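Below is one structure; the comments refer to it alone.
Don't worry about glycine lacking a Cβ; one is built from the backbone with ideal geometry, like all the others, and counts go over all protein chains shown. Readers should treat all values here as calculations from the given coordinates under stated rules, not as data from a laboratory.
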């Protein structure tokens, strides 16, 4: 019943940091935001780009063919 609001949740890199296309939605920004990740931690809020980040936290767009 209705999705969660993890988009507001605060993820964790895992005491690390490295250039990686990690992306998630920010309510204050009302859009997606890219964050840095390496491979130590990782919370629910964490995608690979604005695409998967827009269909999971934002609305749905035309993506099939």
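Structure summary
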| read-out | value |
| --- | --- |
| Residue that is surrounded by the fewest Cβ atoms within 10 Å (Cβ to Cβ) [pool: residues in the range 27-46 that are within 10 Å of the chain's Cα centre (by Cα) and under 20 Å from residue 2 (Cβ atoms)] | 44 |
| Test: residue in the range 36-50 that is touching a strand residue (DSSP E or B) at 6+ places or on another chain (Cβ under 8 Å) and part of a helix (DSSP H, G or I) | yes |
| Residue list for the range 1-35, restricted to those being within 21 Å of residue 60 (Cα to Cα) and assigned to a loop (DSSP other than H, G, I, E, B) | 1, 2, 3, 4, 5, 9, 21, 27, 28, 29, 30 |
